[PDB]
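Line by line, the protein sequences are chains D, B, E, A and C.
Counted the way the authors' numbering counts, the first sequence spans residues 2 to 44, 47 to 360, 369 to 437.
Counted the way the authors' numbering counts, the second sequence spans residues 2 to 44, 47 to 276, 282 to 360, 369 to 438.
Counted the way the authors' numbering counts, the third sequence spans residues 6 to 42, 45 to 141.
Counted the way the authors' numbering counts, the fourth sequence spans residues 2 to 39, 45 to 439.
Counted the way the authors' numbering counts, the fifth sequence spans residues 2 to 38, 47 to 439.
Don't be surprised by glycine CBs; every beta carbon is placed ideally from N, CA and C.
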Amino acid sequence: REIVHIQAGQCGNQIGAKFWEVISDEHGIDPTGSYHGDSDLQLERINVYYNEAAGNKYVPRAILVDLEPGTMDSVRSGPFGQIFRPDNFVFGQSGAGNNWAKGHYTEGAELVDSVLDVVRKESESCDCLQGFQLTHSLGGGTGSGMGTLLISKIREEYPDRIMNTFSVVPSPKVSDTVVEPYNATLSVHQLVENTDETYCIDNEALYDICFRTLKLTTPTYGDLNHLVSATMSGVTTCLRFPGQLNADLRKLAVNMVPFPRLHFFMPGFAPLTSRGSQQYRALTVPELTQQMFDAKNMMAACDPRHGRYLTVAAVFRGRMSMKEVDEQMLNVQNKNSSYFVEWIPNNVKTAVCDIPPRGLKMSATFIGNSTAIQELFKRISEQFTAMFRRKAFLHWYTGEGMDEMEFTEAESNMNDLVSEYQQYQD
Amino acid sequence: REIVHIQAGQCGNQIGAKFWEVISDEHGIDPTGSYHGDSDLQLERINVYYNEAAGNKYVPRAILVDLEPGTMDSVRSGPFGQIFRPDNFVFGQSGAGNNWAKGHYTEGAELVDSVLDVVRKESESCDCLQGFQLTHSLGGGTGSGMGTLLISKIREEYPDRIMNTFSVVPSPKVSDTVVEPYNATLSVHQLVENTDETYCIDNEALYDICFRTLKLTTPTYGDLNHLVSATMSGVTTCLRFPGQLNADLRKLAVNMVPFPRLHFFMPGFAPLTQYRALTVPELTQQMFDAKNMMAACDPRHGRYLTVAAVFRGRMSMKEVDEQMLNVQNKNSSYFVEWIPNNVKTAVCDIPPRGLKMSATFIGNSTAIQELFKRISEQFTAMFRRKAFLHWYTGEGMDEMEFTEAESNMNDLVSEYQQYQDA
Amino acid sequence: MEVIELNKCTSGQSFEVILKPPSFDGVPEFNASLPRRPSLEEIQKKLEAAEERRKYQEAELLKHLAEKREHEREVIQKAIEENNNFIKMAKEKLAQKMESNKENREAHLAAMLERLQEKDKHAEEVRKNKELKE
Amino acid sequence: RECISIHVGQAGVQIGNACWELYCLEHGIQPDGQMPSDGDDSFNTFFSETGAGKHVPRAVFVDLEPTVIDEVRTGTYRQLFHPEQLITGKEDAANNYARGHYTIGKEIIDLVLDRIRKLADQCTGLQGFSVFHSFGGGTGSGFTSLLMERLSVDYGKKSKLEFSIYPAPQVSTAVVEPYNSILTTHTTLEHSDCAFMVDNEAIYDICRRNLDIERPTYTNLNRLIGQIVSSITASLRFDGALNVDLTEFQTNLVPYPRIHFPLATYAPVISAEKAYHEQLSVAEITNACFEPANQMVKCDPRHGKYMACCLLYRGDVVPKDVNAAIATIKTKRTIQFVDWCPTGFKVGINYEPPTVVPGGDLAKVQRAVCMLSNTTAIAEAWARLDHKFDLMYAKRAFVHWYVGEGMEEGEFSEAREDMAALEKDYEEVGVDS
Amino acid sequence: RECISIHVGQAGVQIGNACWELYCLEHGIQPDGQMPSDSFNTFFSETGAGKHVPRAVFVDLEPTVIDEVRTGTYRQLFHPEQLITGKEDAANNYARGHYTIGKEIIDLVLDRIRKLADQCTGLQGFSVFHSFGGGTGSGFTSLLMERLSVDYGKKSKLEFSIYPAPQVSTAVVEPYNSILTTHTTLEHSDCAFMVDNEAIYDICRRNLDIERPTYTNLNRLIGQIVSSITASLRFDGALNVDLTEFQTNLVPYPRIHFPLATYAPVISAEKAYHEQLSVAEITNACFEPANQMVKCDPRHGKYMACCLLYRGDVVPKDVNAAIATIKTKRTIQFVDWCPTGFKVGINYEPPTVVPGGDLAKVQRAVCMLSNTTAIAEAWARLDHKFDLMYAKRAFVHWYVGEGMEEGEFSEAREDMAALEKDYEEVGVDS
Ligand SMILES: Nc1nc2c(ncn2[C@@H]2O[C@H](COP(=O)(O)OP(=O)(O)OP(=O)(O)O)[C@@H](O)[C@H]2O)c(=O)[nH]1
Ligand SMILES: Nc1nc2c(ncn2[C@@H]2O[C@H](COP(=O)(O)OP(=O)(O)OP(=O)(O)O)[C@@H](O)[C@H]2O)c(=O)[nH]1
Ligand SMILES: COc1cc([C@@H]2c3cc4c(cc3[C@H](O)[C@H]3COC(=O)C23)OCO4)cc(OC)c1OC
Ligand SMILES: COc1cc([C@@H]2c3cc4c(cc3[C@H](O)[C@H]3COC(=O)[C@H]23)OCO4)cc(OC)c1OC
Ligand SMILES: Nc1nc2c(ncn2[C@@H]2O[C@H](COP(=O)(O)OP(=O)(O)O)[C@@H](O)[C@H]2O)c(=O)[nH]1
Ligand SMILES: Nc1nc2c(ncn2[C@@H]2O[C@H](COP(=O)(O)OP(=O)(O)O)[C@@H](O)[C@H]2O)c(=O)[nH]1
Ligand SMILES: [Mg+2]
């Protein structure tokens, strides 16, 4: 098939931008220009991620959405700014948000159509559609509330085609607001119901990796982001690249999720961090795997251990041998055989690809549907359950025009999800 | 009288071709041509086997039948190819068969009439008809199933006239298919009920003679057939040849069979496969041998009902009549006393193949049962847990139809076995 | 000894040496029978009732055979009947399983589409609840 | 007066063919034409003098295939009959009485029965028919009986004489032979006035001791029967007492209704090569007359009694000898004359010397004899036959081939059961009180 | 007479592509043109006045695979018409093929194939190659097969199925997919050739000695088997061959029985000069648990029909002496009621292997097709997988989602239950 991409909400935006510019120079694209890497591969599938307009140029099938100017003009002036087509930007003008309510109801619906329509003109343009990947922030409004609407309006116009997100679930540590739970728990309700798959990048791991295991004292929003970026490269790999599989996202659903309740994957990466070393290269492949299936190395605040694995997909990248890899992978599912659902016979498949990411001559990455993920939900609920208790900051949405019962009804959707994951440790 | 001949089913065909060309050059016929043997005899009775068309030429009264081209065009291109009349070939196109069912029901009736009719135009052509001799394979479809139908349609249009066959009953050694029993036992039922006489050439003796007593290590279908061919020459001899008797096939029924149940003759040949010195004692001895019969069977384990034997060459009924007798004494035991003269013997002055001295043997012996009991034994054990059967169930047959043919056979056995009495 | 001369002719002569006479007063009666079969042209009609048996056997075993004959015609027929008769079944239970498919997904669809439609007569009927607090 | 030969049946035919041959040789008949040689008839006994050259027999040949009959229409003698006296049935030999007497016979019986009247239509007062046929064997086992049935219906008085050929294990044809004789001879016996059995195993056997051939050819046998047959008849083709006219044939030979089959014995059979040793004692020819080995039906009348006796001589022979030779026959004899039948010895010298066929086997005989005796012992042969039959029928042997052509099994039990009567009839005459 | 190859399904396609390759090499076909150097007509139709072209159909529901056929040589060897590409949505569930996405293309395919048997004076049947598990060849295959039977009642059909092997396999859902297809499918196939990768792969270890097995690698090996399998009816068809006798000769019972396959001397180049393999050994090694085709062993199960297809310089006098000696050093195991099958098919024609290749010049090779109870063992290992997933609706709702009744599942697996008993049931009688 072939996919298009929605990138909404200040975070979701930087995430996608720092994404776009990492993958773009994997395939050898200049700020506008075309190819500049006399290595051949790259382009077979450049397909899936780039509609290509006049002359050379390559232009990503990407749509930019926000409810305040600023954060787009940070991509426009900056990185690979000159890449995205101009009528593909959808600036909101408007009040920011930073309350779901704003972006899902008031200033939300305000835009919807303007965006909903440019999305149509790009997906109707594309040859046979796959689905959409949207990148957004699960806490705080524009893209927690907008994006969750967006989907609940995509799905509906596109019920055949499938639904993907990278959601950044917020922390108490380098988060901004003490409304976050409200926003996450409101989106997270929406999420569960209309994505066929979602990746959770929890900022908590994202911080924890940055300082607790990467020397870095004051974690930038950048020296932090480059993480998620690099993860996202290595998660999409297969649908971007060679001959082996190619992965219809569909294929990556009905292979990753046993259960309708879209079960969100924690990702995990291989070797990591900023610039100032650990390009040792000597990341032997035992050494790669070991570091990949690690608690202190997952993309969500979660240590598999306290949760068995449902199904798992891991892809390697570089110049090595499935000779060692297929061998190595197996000594994991034994020296770990216990936590790994036996009732799903082959729950772990493994791919190789000859073209490295970033620096790295050897680099893998990991997609993981594990009951372990519940840990993370139970936590947002924990802050929420304790806040909405004596109805704390709430009167802040009551006002943008929501119902009291709507929180509980989203709360005990969550509080179910938990109690289903926990149920599948059977 | 005068006879016509049906040669149906890839085996039945080679058998009849290798026949036709052996007998034809006994009478001195060229691929088309006429006579080329300044010896006189030959032609009196050339009659009985050859209707003769324009100019010289001689053409056999023969009809060729198959449900797939191939095997005729193996005669057409080949031996005495140019002999047979073209609108006498009846190619099937069609699926092969290799299930009786195919050749007796589906692709079978498909052709019937086309053949049945050419047979009519040849028998209505002939002066006073004798009957028909059909050569066919009792195991595997086209001619186990076709031929069996054919007769069960001949008989019916020709109830006066009489019914002959050379049936090749198949083995487990140099047979082809694990269905054989089924086909045989199906035909064998049919056989019993509408032939007035049948000869059994069991491939098992045919093999056993070829290797067990004839040096030959990998038995061809050819270096194998020439056996049956030769036998068939020497079995028809009398109705083809001189003055002595001449044998109305009729005459050869009501002399060979005491019992309606058509009792099939095992044949036996003389020398096989050129010392000449085949003294005649030496001939008889080798002829009335276990290791020399045309059906897997060793008379011993069966008495003889009635037996007919013809000698061929320049020798003397002076020694032969004398020799035959010293058999029916050094063997007197096994030889029904309740049929006074059960053994007659003929001489004829013109040798077959190579051979200056050569005889052959026609044998109605309760011994033959041995062979039927065997097909039954493979069958009885197969149709048991209804093995490959669902293969005919499909072409549209009945379960009970097998049992009803099985316990026809298994009767036949138990009648032959019954006539070891006095 | 005496002879007894019986005729004399152009080309022969006969007699009798009767040698000793018999031991006689006449005697026997050995199938010299008092009812003994003078026979009769009427028994051509004995030649017939034998040939009405042949005409029989022929006509009732050409009957025990057009009998066989016309079962055949019905086996090859119950096979055009076997086949024809299973096309018409697994040919039709094919498309029957295919209305059960376009129909069932017609549901799990426009009933998935159903949820995401009063999620919407709620966005807009509690934005006309924007007119509430303010 | 006159006399029609009927030869139904392949054997009959050839036999006919080969005694008609001898008829000619004897009367002076070049195949085609006249006796043209340098009272009013005498040879007319058998023949009618047609055209104004031709001599032609009073003959009929019937067989149900051509084959045999044709050969008559091929080789000289082919001129000697009318094509009309030569009925060929082109259809289906047979090999069972059932065939002839019923199935295939029905067909031709009319055309035959016809011609033969057509033949006795010339004839100022016919006498009867001598009818020659094979005992066993399809159409002359079978058809012979059918012929004979009708014959008796059409010629009530006029008497009938069968020359039967009783079949011999070695020089025979088919398994079913017994069934066939026994079958015919049952039906046949009530319609024939006297009947000449001829057993091959006796002729063949003679052609061994006498003609010294390891060989016996069909033809061989025939000329020999041919000869006897000459001597048998010919009393009535030459006219000279000792029986001429058929009625003298029962009168002098059968004392009882039951067809009795006289025993035959030709005199000096002797090969050429040896033909110049001759002069055979008018006594020896007689002595060798009473010779088990020199018989005609394999048996012996040392075992049985005699109930009528009959010498037919032929050659330079004045009775004064015969008589002296009878005398000496009786005292060196187990003579055995039964009880109640003074002593038959009708003697028929016949002057006319007995020409034999010129290629031949036998030669110039200046005196020969014939001896027709009815003796109980002729039964022995009936027994040998029955027993064969008996033992086949005991298992329906081939039965169903006749039942098939359309007979009742009951013809069988009821036929063999007639031999049962005859075999008792025979032994019954034996040595009385 | 004639014979249409149908390759549905990505596996089937590549397999096809790589035994059609072997076909050519064997018959003398330069990709484009003629053998310029009937009988071979068994499969092909001699079109134009130059080019030889197969009786072939390829179907898959994405391009990708099929395109590679229209790229590299052999790209000249088909019509673009025999090459159906469905551009749309691969799948990975039977529910996909057999119902959702299949519905779309079934017509256009069902078409072309008749169009193809429209040339053909009396077709014989189709051999259909497809993957056991895996979207469109699990799914569509079954759909194809339904329809086929409706349109060619008599004409018999032969599946070549690839039974999927935990290590060199694709998706979790594979069990569901085979068990699904093989239920529907089994009513409509007249005999079916299972091929299990874990046996091929496993052969390419002991025999080809590659730590590697490449997809292509496996293919050329199956390709070979398939050559020997067929080719009774391509080469020796100088006249009278006709299925119904590969048939008649192998399955004793309605239930589609999947014969067991076993190629003879597989042996690498580098090692190609050691040759002269005992006409006895190729036979002895034929009866070799390790040298099989479907991972299992007939030491455990009984035999109910047996069949040797030789290929090379071979007079029977040997084969026979080599059977004899196979009899006495054997747990031979011939079941009860089927006197000893041993249809022997020597084929004179030596077995050309691919020139780059892996295997080399073989002067004599064998094949051995046997229907044995033991072939069940593999049906068990499959079922059990399924059994244990379904025990928790595992992925069910993805099929239910595209529009199936759950009851197709219980009612499918419950057919295997039947077959699995059927199988064991034949075993050692009274
Ligand atoms: N003595 C003698 N017997 C013969 C002759 N020809 C045949 N026979 C015998 O007659 C018996 C059978 O009679 P056939 O004349 O052969 O048969 P048929 O029924 O009269 O005529 P067909 O229909 O030709 O069979 C056999 O026992 C033969 O031995 C012959 O020329 N001389
Ligand atoms: N032996 C063999 N197996 C293959 C090959 N290609 C795929 N497979 C197997 O086939 C099974 C799945 O079938 P696929 O052909 O891959 O999928 P499909 O439904 O037919 O086609 P897609 O729509 O492309 O998914 C897996 O177990 C694979 O191991 C091949 O070339 N050789
Ligand atoms: C695009 O993303 C990917 C998707 C897949 C999934 C996947 C996922 C599985 C799985 C199998 C498979 C299957 O082999 C693939 C075929 O197509 C895919 O998308 C697959 O077993 C357990 O989980 C496999 C991937 O490689 C590990 C992958 O790499 C990023
Ligand atoms: C055409 O085939 C033949 C047929 C006959 C049979 C045959 C068969 C007999 C038998 C006799 C006779 C009889 O003399 C024959 C007259 O016509 C025949 O067909 C006969 O006693 C026991 O079995 C006899 C034959 O010669 C032995 C013969 O030769 C092949
Ligand atoms: N890791 C990642 N998370 C971010 C980033 N910016 C904000 N967030 C997180 O997302 C939450 C708010 O998302 P944001 O994009 O600022 O809100 P919005 O743009 O108005 O939708 C905060 O709790 C942050 O922890 C970003 O730079 N990267
Ligand atoms: N001896 C003889 N038997 C043959 C020949 N060909 C086949 N058979 C036997 O007959 C059986 C099959 O007959 P076949 O002619 O092949 O079948 P059909 O032609 O379709 O009727 C096999 O078991 C063979 O053993 C032949 O050449 N000669
Ligand atoms: Mg697929």
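{"query": "Going by DSSP, what residues sit across from A/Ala299 in a beta bridge?", "result": "The partner list for A/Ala299 (beta bridge, DSSP) is empty, contrary to what the question assumes."}
{"query": "Establish whether the CB of C/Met398 and some CB of chain D are separated by less than 9 Å.", "result": "yes"}
{"query": "Whose beta carbon lies closer than 6 Å to any heavy atom of ligand 7, going through the chain in order?", "result": "C/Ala99, C/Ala100, C/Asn101, C/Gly143, C/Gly144 and C/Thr145"}
{"query": "How is C/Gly13 classed by DSSP in three states: helix, strand or coil?", "result": "helix"}
{"query": "Does the distance from the CB of D/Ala298 to the CB of D/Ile378 come in under 9 Å?", "result": "no"}
{"query": "Does the segment 82 to 94 of chain C touch the segment 380 to 393 of chain C, meaning 3 or more C-beta pairs lie closer than 8 Å?", "result": "no"}
{"query": "Return yes when the Cβ of E/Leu101 is within less than 9 Å of the Cβ of B/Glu159, no when it is not.", "result": "no"}
{"query": "Would you kindly work out how many angstroms separate the C-alpha atoms of B/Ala18 and B/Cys131, rounded to a whole number?", "result": "25 Å"}
{"query": "Using a C-beta cutoff of 9 Å, does B/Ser170 count as contacting chain C?", "result": "no"}
{"query": "Am I right that A/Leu259 and A/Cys316 are in contact with their C-beta atoms under 8 Å? What's the rounded C-beta distance?", "result": "7 Å"}
{"query": "If I'm right that B/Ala256 touches B/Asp199 with Cβ under 8 Å, what's the distance once you round it to whole angstroms?", "result": "5 Å"}
{"query": "Residues in the same chain with beta-carbon distance under 8 Å from B/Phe214, minus the five sequence neighbours each way, listed in chain order, please.", "result": "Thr220 and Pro222"}
{"query": "Per the contact definition of three or more C-beta pairs closer than 8 Å, is the segment 174 to 183 of chain B in contact with the segment 200 to 209 of chain B?", "result": "yes"}
{"query": "Taking Cβ positions only, does E/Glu81 come closer than 9 Å to chain A?", "result": "no"}
{"query": "Is the closest heavy atom of ligand 2 to the C-beta of C/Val375 under 8 Å?", "result": "no"}
{"query": "Less than 8 Å between the CB atoms is what I'm expecting for A/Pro175 and A/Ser187, so what's the real figure, rounded?", "result": "The pair is not a contact, with the Cβ atoms about 13 Å apart (cut-off 8 Å)."}
{"query": "What does C/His28 pair with, by DSSP beta-bridge criteria?", "result": "Answer is none; C/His28 lacks a bridge partner."}
{"query": "For a contact defined as C-beta to C-beta under 8 Å, what are the partners of B/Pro175 on chain C?", "result": "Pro348 and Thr349"}
{"query": "Over the uninterrupted alpha helix (DSSP H) stretch that includes B/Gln282, give me the two end residues.", "result": "Per DSSP, B/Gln282 belongs to no alpha helix (DSSP H) and is neither H nor E."}
{"query": "So which residues on chain E does D/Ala112 lean against when the C-beta distance must stay under 9 Å?", "result": "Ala130, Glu131 and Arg134"}
{"query": "Give the DSSP-derived three-state secondary structure of C/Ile219 in the structure shown.", "result": "coil"}
{"query": "Would you say B/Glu183 touches ligand 6, meaning its beta carbon is less than 8 Å from a heavy atom?", "result": "yes"}
{"query": "In chain order, what residues of the same chain have a beta carbon less than 8 Å from the beta carbon of D/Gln433, not counting five sequence neighbours either side?", "result": "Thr382 and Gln385"}
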